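Okay, so here's the structure we're looking at.
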Amino acid sequence: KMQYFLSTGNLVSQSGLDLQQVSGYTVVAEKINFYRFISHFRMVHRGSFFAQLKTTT
Amino acid sequence: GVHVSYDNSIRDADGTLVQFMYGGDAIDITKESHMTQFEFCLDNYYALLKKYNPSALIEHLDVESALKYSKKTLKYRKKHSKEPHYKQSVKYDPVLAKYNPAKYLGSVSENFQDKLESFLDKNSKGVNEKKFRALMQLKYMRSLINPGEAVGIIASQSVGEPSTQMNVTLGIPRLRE
Amino acid sequence: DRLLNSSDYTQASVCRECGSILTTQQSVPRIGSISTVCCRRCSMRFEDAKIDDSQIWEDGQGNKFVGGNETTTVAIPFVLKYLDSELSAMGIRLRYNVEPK
Amino acid sequence: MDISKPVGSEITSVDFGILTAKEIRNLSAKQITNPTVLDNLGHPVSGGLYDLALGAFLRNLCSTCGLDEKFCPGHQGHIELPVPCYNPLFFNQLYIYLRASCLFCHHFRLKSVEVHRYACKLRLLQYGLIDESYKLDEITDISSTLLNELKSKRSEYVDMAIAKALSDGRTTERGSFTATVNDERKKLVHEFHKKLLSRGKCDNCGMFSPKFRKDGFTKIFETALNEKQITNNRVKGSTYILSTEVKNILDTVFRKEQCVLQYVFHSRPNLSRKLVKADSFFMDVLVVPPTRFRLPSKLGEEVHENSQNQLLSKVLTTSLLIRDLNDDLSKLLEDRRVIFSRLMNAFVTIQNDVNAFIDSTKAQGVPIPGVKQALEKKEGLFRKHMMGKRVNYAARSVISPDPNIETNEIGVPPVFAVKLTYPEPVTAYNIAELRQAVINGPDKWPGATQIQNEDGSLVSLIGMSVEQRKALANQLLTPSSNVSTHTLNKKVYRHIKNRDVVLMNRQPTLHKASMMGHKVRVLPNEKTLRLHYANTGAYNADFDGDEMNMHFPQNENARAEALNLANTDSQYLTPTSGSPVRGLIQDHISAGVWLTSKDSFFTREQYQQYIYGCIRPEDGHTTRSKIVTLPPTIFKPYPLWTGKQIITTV
Amino acid sequence: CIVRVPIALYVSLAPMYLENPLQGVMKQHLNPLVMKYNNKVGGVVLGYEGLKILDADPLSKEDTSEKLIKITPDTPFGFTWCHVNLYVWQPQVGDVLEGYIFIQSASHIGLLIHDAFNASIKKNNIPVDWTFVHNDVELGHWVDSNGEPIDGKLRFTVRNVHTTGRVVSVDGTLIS
Amino acid sequence: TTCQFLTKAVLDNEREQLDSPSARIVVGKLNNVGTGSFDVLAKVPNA
Amino acid sequence: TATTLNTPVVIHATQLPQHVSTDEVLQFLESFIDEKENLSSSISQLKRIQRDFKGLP
Amino acid sequence: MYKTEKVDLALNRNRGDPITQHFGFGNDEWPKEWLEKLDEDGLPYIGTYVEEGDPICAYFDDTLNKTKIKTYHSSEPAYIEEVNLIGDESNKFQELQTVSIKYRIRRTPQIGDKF
Amino acid sequence: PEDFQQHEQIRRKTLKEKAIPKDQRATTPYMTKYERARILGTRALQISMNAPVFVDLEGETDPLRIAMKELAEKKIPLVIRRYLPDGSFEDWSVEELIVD
DNA sequence: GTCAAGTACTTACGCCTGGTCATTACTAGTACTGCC
DNA sequence: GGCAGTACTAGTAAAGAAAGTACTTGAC
RNA sequence: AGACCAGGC
Ligand SMILES: Nc1nc2c(ncn2[C@@H]2O[C@H](COP(=O)(O)CP(=O)(O)OP(=O)(O)O)[C@@H](O)[C@H]2O)c(=O)[nH]1
Ligand SMILES: [Mg+2]
Ligand SMILES: [Zn+2]
Ligand SMILES: [Zn+2]
Ligand SMILES: [Zn+2]
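Protein chains in written order, with the entry's author numbering: chain V, 460 to 516; chain U, 1029 to 1153, 1160 to 1200, 1214 to 1224; chain H, 1090 to 1139, 1153 to 1203; chain X, 1 to 140, 172 to 268, 312 to 406, 413 to 445, 451 to 735; chain L, 37 to 174, 214 to 251; chain R, 1617 to 1663; chain E, 12 to 49, 82 to 100; chain Z, 803 to 917; chain B, 55 to 154.
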């Protein structure tokens, strides 16, 4: 059930966690470059809910 | 589906009529750039006369009739038309509403007539005065819009494409309102 | 050329008095006979309609019956035929009435 | 499309009608009855969804036309729904006529003279009589003798106004239906339905009818009459109701009011004179699609059945449970109540399955998509496969900039020149160059990949040697041995030459100059398109990785439109303002500042080098068959020209 | 029983017959129609007579030579209506068709109608008292009620007409 | 809203003349705009 | 075979069939071969009926 | 450009059945054309040049008694760098069903490449 | 035999009514940019299907260049049926229409 | 009859190339083995 | 030697931060 | 043929 979470990114929770999004938690480390590869371990994200949103603030 | 018909009268695909003439004068935007550039067309008279060829284009035309009614209205509007628009019982339509501008030579719009008679009055310049006004009315008639032009696509692309270039509401929120 | 000819052009057969894209179908011929194109909707059953040897045709099941041979081929897109398949599942009927009758 | 295969018949119109249950029992190939799709050993079971009478399925001949997979069109079948159920496309209008109607005299609850007032205003709107419908309304507790005199003069005014307008050249007997009479008809039916729904008593016989309730779909309820006004139904001398009884009411209401509902359900005059029926709003028979249109998806072993077979199985599963619930009633309180309370639940689940097959958002129980939701949005059917389509004979590649191209041409790669091909029919003026093309083969520009014979047959040149291929070059211009194909000639699908036409396209196509018709010039080296710099501002195309489309037109009606009408030379001025979109951009503008300067002086070898580097008379840029020059600006000490005098003789 | 129908047919016209539009309607449509059973008339077309192209504009005369053909937008083939007379041999039931006997076999008495059309008289149509001999030299002859072989002509009422196959056949009967 | 205009067409029993460019692509007709706004007729010399 | 290039698109009998006598058939067959010979398997069979209302093989 | 795909012969069966697909060549009349690409194990040689249509591996099938071949489904040519024999881990010792093969593709800088 | 005879007369009475005579036509005497692109395209389909060419072939093998040459000497035997929005039509031949 | 907030069904640039993971519980059955 | 317990097997059943109109139920 | 993810212009 952790291998399903890491290979898909989908969150399966019955006591639904404090954060809003339910998918997009794991991302393939590319190793397409080394500037690409170290950039995965320093990137921050706000949420997938904030992506499909109309505001700009 | 709105498009120029063979009546020079733009209308929808099902047959309902949007306008009686495209822009009020039925002239194509891609052909009306040098239409009122009269100082350019006078300097290039003998070279523009070749591309319109006035002598070979008289037999399929009515040169005689639209010019007379364009003088009945030009003389009427200089005499009248000091009063405002609600008083004007006009008694005479322009030659576009009575004569086909794609067939009748001299059936031009009224801004084209009032700017040619304003240009050619001021300056007096082997081309005489009447061979220049006979070649602009041929330049006007060839610069008519062709029947079948997908006008409303062009009219809606001319608003949607410049909209990408973008104490009252303003811009693309104003166009949505 | 783009939206019709080089994408999904088909010359499907249309029943002329039904105006139906996906009703008419190939008749199963006899030995030496020819397979005509014929309609399912405006063709009556043979035991229902009790003939001149040319209005009579037969399915593959053996259901021999007599009726609609008023049909012709019209160039349509194939997605129009898929539209009628979905829209007749809704209970909606389309009559593609053709001009040469 | 094949220009050597005509068609004489054309669709003129369409019209949307309701597909009745009597037709789709005669239309049907074979009724399918059990909810098993395919049994063991990979065969389709007879009587199920995948059947051989519904079309050829998976390397097996059809049982209706006897054809294989490539030639069977697929056939219509049906199921027999045992009870009449609600069609979800018409339930919002079925619930209007189920309401607003008397359950005792079976008219509507309006008075019969005001229902007649809309029966003959809508008749005047079927014909082109938008103005005579208002003169009709200018005609005027009450005894029922003068009301017949009122209904007479209103009916005689219509029969005189229709007779006058059809005689005075205005309206056909098929009626006139413009746009502004669609306004006055939609305004009149919406007013008629709004006034039907607001009635207390039936104004024909004055007593109440119980109001119906719709909470959600799949069910209808009627409410009990109030404890106060039961007195009105004793001086005339909640409940779930069945869909057979809802149909039994409206099979009487539409018969007692046939003379009115013929005009509500027709925009144009009914020349067929068919009855309008309550069976229109119900569906006693589902139509299964042809099995060609519901073939299963396949990804290796991962084969899944189609979503419609999952939805049509659940209707067949309920359609057999509802018959097995009729076993005890066929044999016959406790033995009667448990078999009836489970039968009524089958009525709701067969409705909830016939809704979910048609509309997925009218389901309940992430849901399986119905037949409405294959049509609605982007990724539908009208917008994904009708207004926009995938096309044949079209390439896409990255563009690279290119001078030395004549501003109306595109530079095509060799590997686009090999794959894209054009049908040339052989004639007396082709067998010099179209015999040479078929000798060259599929992999030698300019060549050919196929020959289409007169019979519709098609011979590929790919797996052929040159000795086999020169023999077919002597087969092209031969007289046909078939009389039935004597006016047809062979088509050689030659490669794209330098004289063909090409339609280029960069997304987003914000205006029509972003999709122009260019000429062609093939290039020997690399795999990219080559665009001249005067076209780079019309497509809004830069060269940091833009790729843009290349559509190759396939007949002479389309070659004559992207050379004369959709041409790139006709698109100099845009129709937005009348301003040009075409011109030189970055290096050429910086060079004319230096060339047309006063400092630019050129000697005789320099001056004549820049002219032949741009004119080149043999490609047809000059108009004199000899390059004329000017006398120099300076004659002493040595002759010099000027960059003004470059562009003068250019 | 040769009969005359004037018909109206809607036919194509290839561009190789643009200079000869009357010749192209005949060769493409009318000449493959003679000596075949046509379904929409009821017999076998013998020949055609009086081909007239209906002109597309009605404002011209039928006396005119130059006519108009409406070109399909997709294909270069034109389409037009045309009038022509067909003389068509139609047999129906109940008629009496004089035929020339072609097959001497014990199964069916084959006979050619007008020396071109196949026909036959079935054995169940033949009555009991008309017998057949066992010829071993060559398939013999039919001994009728008069006690003589039949050869040459044999008139008969028509029972049925076989139209589905390649050529037409006349299922005939000898009893009335 | 495809199946809202669909129901309003089949309730009206609405016949349409296939005039609009969106209605001549569904059924595969030449448009009535521009090049398809007329027909082409061929003068044949013989009657 | 059986194409719009071979067959008519729509075929209609325009008027009712009326029976012709023997003289109009012999006038036709002497005139339909006259225009056509000046489908040769059918001309080989049209002469068999032309030599039927006149004589006998 | 290094591209790797896994050819696996045991994704169409379950639970202890006889393995119907074996690497290598059977005893039937299979065409001797593809000795150039493949070794006697039904596995390709290291370093060989493979265009579209060449076989990636040869396997004998038991339910059909025929040596099928899978093939290289790419329009761009490549060279075979390494072939891995992924062996299964179980108490029952098993013939190989899984092979990983790495391709190298020469990306010489053509025009239209982004720098 | 009786219904088609009546239906043919209605099909030809209501097609003569839609026909504007040659002296009462009032559209443009010029050949538009859309009529030129279809005359050259329809003729080039005919030339490639072995229509009798009325002009001399000076080595040109492109069927569209031949129809452009035939338009220069007005040797195209085609007629434009200019449709009015009523459903009525005007018959303009190519030899009557003047270019540019 | 009616205003009136409240409840409901709708769109939300174009197309282009990749990659991934995509039914689970359980339930009854035939077979394996420990046993006396 | 055959009985019954488990461990498996393959088998068939359930799976929360945007704009507008339109219908309509609320009180009076 | 969807989901999610990474890009291109
Ligand atoms: N419709 C879309 N067009 C795009 C998109 N991204 C890029 N483009 C097109 O590609 C072009 C890219 O231009 P840019 O976004 O880079 C603006 P920039 O300041 O970089 O212009 P330059 O500095 O002149 O290069 C632009 O003309 C757009 O028409 C997109 O997401 N959608
Ligand atoms: Mg860019
Ligand atoms: Zn039918
Ligand atoms: Zn079939
Ligand atoms: Zn009542």
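Quick reminder that beta carbons are idealized off the backbone N, C-alpha and C, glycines included.
Based on Cα-Cα distance, which residue from the options lies nearest to residue i?
| i | options | result |
| --- | --- | --- |
| X/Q730 | X/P702, X/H706, X/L680 | X/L680 |
| X/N264 | X/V220, X/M238, X/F252 | X/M238 |
| B/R97 | B/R90, B/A121, B/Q78, B/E149 | B/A121 |
| L/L54 | B/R66, B/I130, B/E150 | B/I130 |
| X/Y624 | X/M589, X/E641, X/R615, X/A647 | X/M589 |
| X/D353 | X/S482, X/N322, X/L136 | X/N322 |
| X/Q560 | X/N583, X/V587, X/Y134, X/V523 | X/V523 |
| X/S317 | X/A53, X/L94, X/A556 | X/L94 |
| X/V389 | X/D415, X/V497, X/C85 | X/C85 |
| X/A56 | X/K604, X/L110, X/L608, X/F367 | X/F367 |
| E/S32 | L/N74, L/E223, L/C37 | L/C37 |
Between residue i and chain R, is there a C-beta pair that is closer than 8 Å?
| i | result |
| --- | --- |
| B/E127 | no |
| X/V551 | no |
| L/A92 | yes |
| H/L1111 | no |
Applying the criterion that 16 or more other CB atoms from any shown protein chain within 10 Å of the CB defines a buried residue, is residue i buried or exposed?
| i | result |
| --- | --- |
| X/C72 | buried |
| X/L124 | buried |
| X/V568 | exposed |
| Z/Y874 | buried |
| H/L1111 | buried |
Is there a Cβ from chain E that is less than 8 Å from the Cβ of residue i?
| i | result |
| --- | --- |
| H/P1202 | yes |
Using 8 Å as the limit for Cβ to Cβ distance, is residue i near chain L?
| i | result |
| --- | --- |
| E/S83 | no |
| E/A13 | no |
Check the C-beta distance from residue i over to residue j and give it rounded, since I have them as a contact under 8 Å.
| i | j | result |
| --- | --- | --- |
| X/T512 | X/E539 | The pair is not a contact, with the Cβ atoms about 14 Å apart (cut-off 8 Å). |
| R/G1644 | H/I1194 | Not really, about 20 Å apart at Cβ, beyond 8 Å. |
| X/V434 | X/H78 | No, X/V434 and X/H78 are not in contact; Cβ-Cβ is about 13 Å, not under 8 Å. |
So with Cβ pairs under 8 Å, would you call residue i a contact of chain H?
| i | result |
| --- | --- |
| R/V1642 | yes |
Would a check of beta-carbon distances place residue i closer than 8 Å to chain B?
| i | result |
| --- | --- |
| L/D99 | no |
If you measure from the beta carbon of residue i to each beta carbon in chain Z, is any gap under 8 Å?
| i | result |
| --- | --- |
| X/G42 | no |
Determine, for residue i, whether the minimum Cβ-Cβ distance to residues of chain X falls below 8 Å.
| i | result |
| --- | --- |
| Z/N816 | no |
Any C-beta of chain E within less than 7 Å: which residues of the stretch 48-81 of chain L qualify?
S48, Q64, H65, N67, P68, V70, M71, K76, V77
Near-chain B residues of the stretch 184-213 of chain X - C-beta to any C-beta below 7 Å
none
Could you name the residues of the stretch 2-27 of chain X whose beta carbon sits closer than 8 Å to any beta carbon of chain R, in the order they occur along the chain?
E10, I11, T12, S13, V14, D15, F16, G17, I18
Chain B contacts from the stretch 26-38 of chain E (Cβ-Cβ distance under 7 Å)
Hits within the stretch, in order: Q26, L27.
Anything in the stretch 1170-1183 of chain H with a Cβ closer than 8 Å to a Cβ of chain R? List those residues in chain order, please.
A1177, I1178, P1179, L1182
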